[PDB]
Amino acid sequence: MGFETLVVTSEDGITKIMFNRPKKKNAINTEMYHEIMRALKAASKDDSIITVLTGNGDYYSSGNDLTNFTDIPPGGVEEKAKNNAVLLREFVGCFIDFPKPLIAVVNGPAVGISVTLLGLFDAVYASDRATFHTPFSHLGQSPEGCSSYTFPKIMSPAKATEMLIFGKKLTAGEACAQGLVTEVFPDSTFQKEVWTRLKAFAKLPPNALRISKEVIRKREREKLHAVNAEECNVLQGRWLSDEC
């Protein structure tokens, strides 16, 4: 351990996974996908009670890196699409499957896939200078991260559409109101308050946390995986299109 694009630390029964490309506003590139997956696969097995994701610097994440498309393979755009789809599908699935309580500490602006995944977390704490933006249809794409299913359930289809289809950008307050964020904190004391709270959580009976989440999450996974898959076919097609 061992990471180029992340900083993975483990203290107090809390594994903290920190995006670490602050220069590029924590954009998620092909390597970071793989690293995130390995970090979660690792934290799912270790003996931490609780797993956090957060961003280094001013951004939570700007979502997918624009350079994941431009690197072109031997089978042309046909194969790059199919390869990205496979990777994405697998990537989302790790979140669907993660067995321990998973928490997002949103430290600043979030975009794209980093936002859509938030529907799979167990809690989401945000600073009052975080924002949430999924401008999919602006860039000719469809939703992913299961968001086509989770976001209507969480926000109401009325509010979900303004965001997935019309690309409205939410403030932390709005996102909290619309169910996406668990709580907002003023920026100055953001880091302190979350961590105090997380530390307490990590002191709760460990199998109880793991089993409780199991009961809430299990019955629902098969559906999510099927949504993931469907989302990915539609996304593969969207990438080979004139509008993208």
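Residue positions are given as counts along the sequence shown, with the first one as 1.
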Q) Checking the other entries of this protein that model its neighbours, is residue 74 missing in at least a third? A) yes
Q.
Averaging CA B factors per stretch from the PDB record, which one is higher: 63 to 71 or 180 to 188?
A. 63 to 71
(Q) Per the record, averaged over C-alpha atoms, which has the higher B-factor: 75 to 83 or 143 to 151? (A) 75 to 83
Q. Quick one: which of 194, 52, 49, 175 has the biggest Cα B-factor according to the entry?
A. 49
Q) Between 34, 218, 210, 45, which carries the biggest CA temperature factor in the record? A) 45
Q: Would you please rank residue 168 by its C-alpha temperature factor against the other modelled residues of its chain and give the third it falls in: lowest, middle or highest?
A: middle
Q: Determine, from the deposited record, the chain-internal third of the Cα B-factor for residue 161: lowest, middle or highest.
A: middle
Q) Considering only modelled residues of the same chain, in which third does the CA B-factor of residue 223 rank: lowest, middle or highest? A) middle
Q: Could you say whether, by C-alpha temperature factor, residue 128 belongs to the lowest, middle or highest third of its chain?
A: highest
Q. Where does residue 107 sit by CA temperature factor within its chain: lowest, middle or highest third?
A. middle
